[PDB]
Each structure stands twice: as C-alpha cells, then as structure tokens.
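Here the structure is laid out as structure tokens; the discussion comes afterwards.
Counting starts at 1 for both ligands and their atoms, in listed order. The first residue in the sequence is number 1, and the count goes up from there.
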Amino acid sequence: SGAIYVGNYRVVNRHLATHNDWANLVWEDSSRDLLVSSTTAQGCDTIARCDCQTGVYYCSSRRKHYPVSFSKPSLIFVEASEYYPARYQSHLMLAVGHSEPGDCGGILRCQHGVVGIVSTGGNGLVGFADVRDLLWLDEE
Ligand SMILES: Cn1nc(C(=O)NCCc2cocn2)c2cccnc21
Ligand SMILES: [Zn+2]
C-alpha cells in the first residue's frame, strides 16, 4: 500500500483505489495502473520534473529503502496478476530489486522529488508507474 499527496490530489495504484477515491475521481488510466482523486487537505509531496535514472524506493516486504538504477518510462508486457489479465502497461520503469504484490504503493524518489510508485514485479525486477509527466499535479 501507499499514496502520493501533492496539492489537493491523492495518487494511488488504480487496483488499490477505495470507494471514496472513485467517488472523488480526477483522472485514471488502467493501462498505467494509476488513479488520482481529490482531497480536502493540502499534501506535502513534491513531484520530480526531470529525467533521472537513479533513485531510492521503499520495499515494505523488507522494511528497507533500496538505491536503484531504473529504465525510462516505456510500454512493457506485464504478466497476469489477481488485478489485471496479461497486457502491455504504459509509462512503466524497471529496476533490479526485490518486490512482492503488497509492496505496490511504495514510493520511488530522486534528488528532485517523487518519481513514481511500485506497480509490477517478479523475476528479480520491480516495476514503477511514472508520474513525472503529469504536469497538472503541480497547479490549480
Ligand atoms: C511489486 N509487484 N506488484 C505485483 C503485482 O501483482 N501487482 C498488481 C498490479 C499489476 C500491474 O500489472 C499487473 N498487475 C507483483 C508480483 C510479484 C512481485 N512483485 C510484484
Ligand atoms: Zn530527478
């Protein structure tokens, strides 16, 4: 589990969004496994606006923060899980690291701010859903 709180927005894995997230939906994309809902309180997170490929992610299944190198956001085939059939997931970045399904929501961050959230994994590779291209998260 995990979310990003920026301005009056809440960014979560679409497969983990609650009833209240759907009732207060701002934007969602199934192919990215992302959902954004509105909040009443101001958040404190800063979204990175960069093209970094090195950062640190939180892995709840190890209670550890791991420094990693990750690939640029791309369209990648992702095998079936309990939440989606096998399909191409877009805006996805991979690193060599440990992950389990319950690690989804763990934040990946660089020197500039939040880069994305854990979304996929297996075979010793963890996948993160990028959020750096959602420029609208910073305004209004
Ligand atoms: C971090 N991670 N996530 C999952 C997972 O099942 N995600 C469900 C969401 C999803 C995205 O595309 C397809 N399903 C996973 C499975 C093994 C190891 N690490 C994993
Ligand atoms: Zn950066």
### Message
For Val78, which part has a heavy atom under 4.0 Å from ligand 1: side chain, backbone, both, or neither?
### Response
side chain

### Task
Go through the structure and list residues passing salt bridge (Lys or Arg N to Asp or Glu O under 4.0 Å) with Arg109, not counting sequence neighbours.
none

What pairs of donor and acceptor atoms, side-chain ones from residues 117-125 against any protein atom, are under 3.5 angstrom apart with sequence neighbours left out?
from	atom 1	to	atom 2	distance (Å)
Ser119	OG	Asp33	OD2	2.8
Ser119	OG	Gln89	NE2	3.0

### Message
Would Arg87 pass as a cation-pi partner of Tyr84, given that its NZ or CZ must be under 6.0 Å from the six-membered ring centre and within 45 degrees of the axis?
### Response
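Satisfied, under 6.0 Å and within 45°.
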
Which ligand 1 atoms are under 4.0 Å away from a heavy-atom of [X]?
X	answer
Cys104	3 (N), 7 (N)
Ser99	1 (C), 2 (N), 18 (C), 19 (N), 20 (C)
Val118	1 (C)

### Query
According to a 4.5 Å side-chain heavy-atom criterion applied to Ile, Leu, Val, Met, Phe, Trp and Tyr, with indirect links allowed, do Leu75 and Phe77 form part of one hydrophobic cluster?
yes

### Selection from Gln89, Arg14, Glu100 by shortest heavy-atom distance to atom 11 (C) of ligand 1
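The option holding the nearest heavy atom is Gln89.
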
### Task
Determine, considering heavy atoms only, which of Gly124, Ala129, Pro85, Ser81 sits nearest to atom 13 (C) of ligand 1.
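Heavy atom nearest to atom 13 (C) of ligand 1 belongs to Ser81.
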
At what distance is the nearest protein heavy atom to [atom], and which residue and atom is it?
atom	answer
atom 2 (N) of ligand 1	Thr120 C, 3.3 Å
atom 4 (C) of ligand 1	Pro101 CA, 3.7 Å
atom 17 (C) of ligand 1	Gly121 O, 3.5 Å

### Query
Under 4.0 angstrom from ligand 1, any heavy atom of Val126?
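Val126: no contact with ligand 1 (<4.0 Å).
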
### Task
Please confirm whether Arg87 comes under 4.0 Å of ligand 1, counting heavy atoms of the residue only.
yes

#### Entry: Degrees at the Zn ion (ligand 2) between the SG atom of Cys52 and the SG atom of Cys110, nearest 10°
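Between SG of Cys52 and SG of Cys110, at the Zn ion (ligand 2), the angle is about 120°.
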
### Message
If I take the Zn ion (ligand 2) as the centre, what angle separates the ND1 atom of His112 from the SG atom of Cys50? Nearest 10 degrees is fine.
### Response
110°

### Query
Do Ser37 and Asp21 have side-chain N/O donor and acceptor atoms under 3.5 Å apart?
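Distance-only check passes for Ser37 and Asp21.
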
Using side-chain heavy atoms (C-beta onward) and a distance below 4.5 Å, is [X] in contact with [Y]?
X	Y	result
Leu94	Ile76	yes
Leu16	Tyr83	yes
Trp27	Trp136	yes

### Query
Just distances here: any N/O of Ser119 and N/O of ligand 1 closer than 3.5 Å?
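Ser119 vs ligand 1: N/O contact under 3.5 Å present.
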
### Message
Can you tell me if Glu140 has over 12 outside heavy atoms packed within less than 6.0 Å of its CD?
### Response
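It does not: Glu140 CD has 12 such atoms or fewer within range.
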
